[PDB]
Amino acid sequence: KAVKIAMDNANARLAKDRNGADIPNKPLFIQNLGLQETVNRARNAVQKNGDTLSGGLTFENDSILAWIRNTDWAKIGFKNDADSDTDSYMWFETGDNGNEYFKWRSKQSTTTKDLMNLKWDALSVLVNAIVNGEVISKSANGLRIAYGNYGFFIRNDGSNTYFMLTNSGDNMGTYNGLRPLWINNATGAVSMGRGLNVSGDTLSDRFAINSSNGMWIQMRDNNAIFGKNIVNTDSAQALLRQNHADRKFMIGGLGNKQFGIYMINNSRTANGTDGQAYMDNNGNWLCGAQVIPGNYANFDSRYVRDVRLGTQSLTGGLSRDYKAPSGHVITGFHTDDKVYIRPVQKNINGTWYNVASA
Amino acid sequence: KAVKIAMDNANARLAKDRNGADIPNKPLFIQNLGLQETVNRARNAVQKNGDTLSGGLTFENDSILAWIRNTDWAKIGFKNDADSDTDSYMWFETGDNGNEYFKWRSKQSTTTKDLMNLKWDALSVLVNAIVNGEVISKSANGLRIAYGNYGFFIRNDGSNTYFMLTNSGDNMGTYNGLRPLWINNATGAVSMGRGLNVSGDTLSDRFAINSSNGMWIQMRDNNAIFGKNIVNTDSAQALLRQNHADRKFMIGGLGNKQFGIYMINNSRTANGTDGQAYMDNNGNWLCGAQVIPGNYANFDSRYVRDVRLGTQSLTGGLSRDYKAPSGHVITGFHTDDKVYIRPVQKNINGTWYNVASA
Amino acid sequence: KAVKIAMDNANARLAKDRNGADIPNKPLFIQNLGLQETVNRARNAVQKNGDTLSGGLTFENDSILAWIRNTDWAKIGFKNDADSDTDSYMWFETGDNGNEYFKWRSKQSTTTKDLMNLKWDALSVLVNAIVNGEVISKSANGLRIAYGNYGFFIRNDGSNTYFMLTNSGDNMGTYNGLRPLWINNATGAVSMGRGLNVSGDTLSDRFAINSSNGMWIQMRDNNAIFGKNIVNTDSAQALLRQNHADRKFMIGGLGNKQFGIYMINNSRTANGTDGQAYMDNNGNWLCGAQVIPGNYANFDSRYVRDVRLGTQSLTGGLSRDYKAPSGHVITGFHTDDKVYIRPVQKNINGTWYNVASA
Amino acid sequence: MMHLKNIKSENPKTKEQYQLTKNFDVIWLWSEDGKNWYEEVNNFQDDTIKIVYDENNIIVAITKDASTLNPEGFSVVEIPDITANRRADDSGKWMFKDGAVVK
Amino acid sequence: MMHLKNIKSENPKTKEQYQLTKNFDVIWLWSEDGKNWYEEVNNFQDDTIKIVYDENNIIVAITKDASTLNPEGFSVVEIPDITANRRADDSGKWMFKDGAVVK
Amino acid sequence: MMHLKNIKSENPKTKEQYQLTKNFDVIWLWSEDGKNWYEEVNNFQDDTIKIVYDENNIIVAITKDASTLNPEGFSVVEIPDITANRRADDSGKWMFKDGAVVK
């Protein structure tokens, strides 16, 4: 049995043909081999076909997180050459046809709402955009409201700022020929090319009419200030008014009947006016009171202003038949029978003339 | 000792009860087993409880990077069905209540500055927004400045573009009843509903007064052009001016004293005017020079324009008592003692009438 | 050969000096050891120096994906304290100098286009920004178009909303002194500080002139409505017009010759006017028809309105020499030879006065 | 030609005649056939002789301008200006009966 | 009734009288008691007889319209229009002394 | 001083004289030397005596206001207002020959 001890010893040893199946404590064998940490790190290893993590991942160099598929991609990286790098940034990139883009969306239960898309030619915000800072465009057609039939936009071309309009059905389009309002950027002057309608008072230092030149009858159509509403026949309408301390003066008219100057004292309460000087519908000029010229020459030359008898003279006491000279009347007698006579005289325009006898 | 060789041979073999502890070169054993690459890949394996990476990670299929916690989540993926996919995008998504949102922030030392939040109803930019392209809203209330007491916004409803104002303390609110300015999108016409105040000149082709109709005394209140500043008593103020080549004509007045038409030749240097035609405070119409009618009939019918002696006649040489007929004077004698007579005549308005004797 | 059986048994056992090289089936040995799953998980383990994944990665707790380099970083995480968390968000963060920023870009073949940068002080959109919702700024200088020489911006300071302009070459700058247009936020009133130029009609309820006060000769320069274009000499220009049912009245003039009131009946077709009342270049007031005062006193006091012979009287039949009293003529005889006489009388202004004899 | 007989004064008949008599004491003259003297003056020829004769047809006044006449109580006839008519003077040495007669 | 005696001419006393004399040579008449003839004319009654008599009270002029008188150097009295007063003519056959007398 | 002889009527020579004769029948008077009487009136002195005498130099009219004269057919001379000239009356008892003479 001395070889039985050698046989039992051999029987206590790992058999080639059993390939480790005869190891009595396999976890200890792995341990003794030095493989426990290998076992533990492989048990805790993120798997390439997907996994869940309980700690964070950190890239320590210039490495990229990518989705790469069908020769296209989405990529996140961090550009940073040194701590002092003046153009360092986290970047997000899509490729490789130019039309792969960026989308932000949120989910409430099973509903998905897209919030923002960023594409090659435009950031599309599908919700509101609320900016605490200033909103600045560096394009000429900088600010647009494309809503409904016509778009509205502000165009600053560097020299003038326009309020612009599109044609109908083209609210994203270029401007048409309308120029409702623009500003001269160098001088501040405001212009409007399609007229202006003001409710209430329009106050200005001066009003300049783009005034016209032409024939008499074209005064109907000259550029002017005018009353848009006709004056009704036999109704009163003033178009211009000057206030004085105790009275007001008006340019206006009685429809189809009168046009001119009217005065109303502030103390008046009964209907009417206190002074009138106006043209009627036949072209006469009428005044409710006196017409006082500074020079009366064209009137004084029309009328007799005085009549008188001139100096008395005596004829020669003479014949049985006598006729007084032209313009004279008999004013006495002296009996050689003489007769007194005087000339009748008329004052025209400051000169005394002798009357004529037919 | 022939079995000692068998005993030593058995003693040179791996003992079951030692469980690999008697392996002389364990790293070689691992190598011979074929486990070195297993050792090396587990040593270099990203660990599920967090790790640092020196190379990038790439998803080769449609896989997601997610943060999933408390039934909510944040997710990054890449949508791409083929290279020709016309709606391919990198997407960022939050869930699942609708209020999980997106935040961008930056750190300078220990200070954190939030820069942008994107939520279910609004992109909130907490800094400035500088857009190199055009800024376009597709909402009617497209452009708003919500600063301080009152908000200002531009509303284009498709037909008209309004400049709108909120009530006080409601700068994010709807518009009130004010209409400071709007534009007709179809015609370009500008309207203003709250009046207009211009410093300097307002030039227009025509000015249209929304003119009134009524009683004489209401001319005080008719819609008109007027002087906002009263003319001071005994001071001069013109409200309307027409320039001619060598003179200017004005409608204006002397406060409480005169109102009408004044001419000033351009060559004048001393104070005063060169022509005046105006109503005074009693309603008279005064002219500094002549008043020249084209028709004098209403004057010519008031006055004697000429006087004369008419044709001489002879009475019948008769009685010791004689009286000349009505209107006649004695102008001679013929001695049957006859007497010459003439009629006194007056010219009224172009007709010669015989004078009457009382 | 009894020990040969013991020798062959020992020879069938794993030799220490061979270190597993004498294992006949090494993959089975690994299997029997319990190491197959270790082998399989290490073969499928993501490697720390970079790898490709065929499934997604999910963070199950509050863990971060980071790029950390040169003491700076880029980081993605998910903030969420519970499902009911009211401020939960996916966040993107850069550090640690404040100037590391966020960039979005896209690639078409080898071309890279930057689309958007988000920095400490501004979101920079390098393309268009198209917002389906409303665009709102909460800064006073809320909306700017910085294009070319001059910038344009709208400034709402809470009390008034201004249309503002920069100086030249400073389109991102503050406003200068120009005030082209502003709105009173409380009242809606529109003001313009640099004048206004309207093509076409300017309609308003009233026009208020900022009217002046001064000397007569300063009426040339008083604030007024006026014709910007001089009236050409001998040409007609109207500045004010009132329409009646059947006629129109104008204030206007013939250049250097006439200024006043003109009437044109609507039925007229030949050139000319139907009524004229106007001042000429010498200051006279002319009317094409009659001038009709309501009171003629200043005319009636200038002229003789009637002449007559008064009541006949008889002298005392007397001497050989006789002279008729002042103002009287001889009108008869009575032969004690008496003579009849009458007084010549003139009517001035309604009173009969006796004529004087020189 | 023109011939107005027995011209006498009568009250104004129309409104315009009434105003002239009210304001200027115009004494309106009418011929026995109802013609108003002052309005018929313009119907006389300019270069004819105008004769004034009394009820007995003695010529008392002669003129070439009828407006210089006051024919109250007399008659006026217009005759052609011929040499046979230029000899008549305003004295009572000429009468009228379808022409001027001597004595 | 109205009675103005010894009406004589004197210089104008007031500014308005001075203008009328300066511009129209008006000779202002005043009665011996200081009444201005031309302003007192409107105080006469319309349908009364107005008498003009000389210093010896011989009636030289009669009228019903005082404005047709020139009473310079004479006196004017207004009397009721009765049959006993309508017989007086402008001849020197009637005098005045609180009424009209024959011869 | 002023002296206009043989003042006679002649047709108006100028446009303004023609209008006054056309509208007011002004008979323009001229002296034998061609001076217009009506325009020379303002050249007389105010306080001198103005004499009117006939072809035989008999003084027929005297005044201090030349505009009250109608010198058609006569002559007008202005003389100083002295006591020796105030005695001449408008009767035919005074003549003129470089001064006033008695008889």
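Chain naming here is simple, since letters A, B, ... match the order of the sequence lines and numbering starts at 1 in each. Below, all heavy atoms of this structure are taken into account, side chains as well, without hydrogens, waters or symmetry copies.
Counting only distance, with no hydrogens or angles, the side chain of A:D280 and the backbone of A:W285 share no donor-acceptor pair below 3.5 Å. No donor-acceptor distance shorter than 3.5 angstrom exists from the side chain of B:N282 to the backbone of B:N284, with no hydrogens or angles considered. Within the 3.5 Å criterion, the main-chain N or O of C:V190 finds a donor-acceptor partner in the side chain of B:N197. Within the 3.5 Å criterion, the main-chain N or O of C:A245 finds a donor-acceptor partner in the side chain of C:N266. The main-chain N or O of B:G253 is never found under 3.5 Å from a side-chain atom of B:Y262 such that the two would form a donor-acceptor pair. No donor-acceptor pair under 3.5 Å is formed between the side chain of C:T202 and the backbone N or O of A:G195. In this structure a side-chain-to-backbone donor-acceptor pair under 3.5 Å is missing from C:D300 to C:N295.
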*Please assess C:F299 against A:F299 for the test ring pair (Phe, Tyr, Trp, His ring centres under 6.0 Å), listing each intermediate value before the final yes or no.*
CA-CA 9 Å; C:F299 292 95; A:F299 292 95; 4.7 Å; yes
_Evaluation steps, side chain to side chain contact (heavy atoms under 4.5 Å, CB included), between A:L178 and A:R194_ = CA-CA 7 Å; A:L178 299 183; A:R194 293 293 282 176; 3.4 Å; yes
*Can you check side chain to side chain contact (heavy atoms under 4.5 Å, CB included) on C:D205 and A:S199, steps first, answer last?*
CA-CA 6 Å; C:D205 292 316; A:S199 302; 4.2 Å; yes
*Trace of the side chain to side chain contact (heavy atoms under 4.5 Å, CB included) decision for F:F24 with F:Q19*: CA-CA 8 Å; F:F24 304 93; F:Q19 286 302 123; over 6 Å; no
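For the pairing with A:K257, the side-chain hydrogen bond (donor to acceptor under 3.5 Å, both in side chains) check across A:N281, A:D234, A:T233 returns one residue only, A:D234.
Taking CG of C:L196 as the start and OG of A:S191 as the end, the distance is 7.5 Å to the nearest 0.5 Å. Distance CE/A:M215 to CG/A:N222: 10.5 Å, rounded to 0.5 Å. Distance check, rounded to the nearest 0.5 Å: OG of A:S212 to CG of A:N223 gives 4.0 Å. Here A:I209 contributes atom CD1 and C:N229 contributes atom CG; the two are 10.0 Å apart, rounded to the nearest 0.5 Å.
By the 4.5 Å heavy-atom criterion applied to side chains, B:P293 and A:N298 are counted as neighbours. Here the side chains of A:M164 and A:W182 are not in contact, with every heavy-atom distance at 4.5 Å or above. With a 4.5 Å cut-off on side-chain heavy atoms, C:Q258 and C:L286 do not count as touching. Annotation: side chain of B:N265 is not in contact with side chain of B:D246 (no heavy-atom distance under 4.5 Å). Residues A:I261 and A:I251 have side chains in contact (heavy-atom distance under 4.5 Å, counting atoms from C-beta outward). In this structure, A:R206 and B:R241 have side chains that are in contact, with non-hydrogen atoms separated by less than 4.5 Å. In this structure, the side chains of C:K228 and B:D201 stay at 4.5 Å or more apart for every pair of heavy atoms. Considering only heavy atoms from C-beta on, C:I225 stays 4.5 Å or farther from B:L239 through its side chain.
Comment: A:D274 does not engage A:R247 in a salt bridge, judged by the lack of any side-chain N to carboxylate O separation of less than 4.0 angstrom.
Taking the ring centroids of B:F207 and C:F207, they lie under the 6.0 Å cut-off.
Closest non-hydrogen pair, B:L203 versus A:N210, comes out as CD1-N, 4.0 Å. In terms of heavy atoms, B:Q237 sits closest to A:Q242 at O-NE2, 2.9 Å. Taking both residues in full, the closest heavy atoms of C:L240 and B:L240 are given as CB-CD1, 4.4 Å, listed atom of the first, atom of the second, then distance. Residue C:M192 comes nearest to C:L181 through the heavy atom pair CE-CD1, 3.7 Å, listed as atom of the first residue, atom of the second, then distance. Minimum heavy-atom separation, B:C287 to C:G283: SG-O, 3.1 Å. Annotation for C:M250 and C:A238: closest pair CG-CB, 3.7 Å, computed over non-hydrogen atoms.
Note: B:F259 and A:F249 have parallel aromatic rings, judged against thresholds of 30 and 60 degrees for the angle between ring planes.
Judged by distance alone, the side chains of A:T161 and A:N185 do bring a donor and an acceptor atom under 3.5 Å apart. Using modelled atom types and a 3.5 Å distance limit, the side chains of B:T187 and B:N184 yield a donor-acceptor pair.
In this structure, A:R302 is positioned above the aromatic face of B:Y296, its NZ or CZ under 6.0 Å from the six-membered ring centre and within 45° of the axis.
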